[PDB]
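There is one chain below, alone, in structure tokens, taken in the form deposited in one PDB entry.
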């Protein structure tokens, strides 16, 4: 009874460790559970709906603690699949990795919390969401694509900042006394930031003909130069996928 043993250990370590396919289904389900916990906590932040929120949240938190403990133990057991971590010493030295210790300390802290502390619960929940990666692949990919396109990101940032400063100063000059919205340069800078991002709250906006005339040009330039970085990064990601796919199809 060792062929089935090794088969199961291999498959379980592969699914729980770096997955590639349908193994993501389990990760999606556990993510959905933790997300439901987070949403219930957010609902518990209110007074009207506090009752039902805590009623569900208590049992859901117990369930997620049970699930996380079981997952951690099965991961520790299946760690013997890799040729490096073998035996008692191998599994003992496996735990020294940052993420395993993070997991064990996290479940210890949350079990202590559950057994005015909701702030700690929020912190631990967002930290668990941070833990979802477990390998920093997202950060590495983002850093690679950002470094590849550093020159254009820098030029876009430079020109956008210059346009923001110029537009804010000109509008502040043109509407110093005729509009109470722009009473200090800080207010004009806030207006420029909120308009060149196209958020447009509406709390501030030019009213004199000078301000509207100057905006009709400077906002037209600034909106594009503020949307540029997202387009650059999206095209970078798409081109990287294209090149990777063609290269992998070659070999």
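Positions refer to the first chain, counted from 1. We call the rigid core whatever largest set of C-alpha positions still superposes within 1.5 Å between the two forms.
Separately, the form deposited with a small molecule bound exists; it is not shown, and the next lines address it.
Of the candidate stretches 89-97, 76-84, 125-133, 170-178, only 125-133 contains residues with a heavy atom within 4.5 Å of the small molecule in the deposited complex.
Although the partner is absent here, residue 102 sits close enough that one of its heavy atoms falls within 4.5 Å of the small molecule in the deposited complex. Put simply, residue 194 is far from the small molecule in the deposited complex: not one heavy atom of it is within 4.5 Å.
Taking the partner from the other structure, the small molecule in the deposited complex has no heavy atom within 4.5 Å of any heavy atom of residue 43. Put simply, residue 121 is far from the small molecule in the deposited complex: not one heavy atom of it is within 4.5 Å. Proximity to the small molecule in the deposited complex holds for none of 37, 58 and 60, with the criterion being a heavy atom within 4.5 Å. The one residue among 92, 129, 162, 173 whose Cα position changes by 2 Å or more between this form and the one not shown, with the core held fixed by superposition, is 92.
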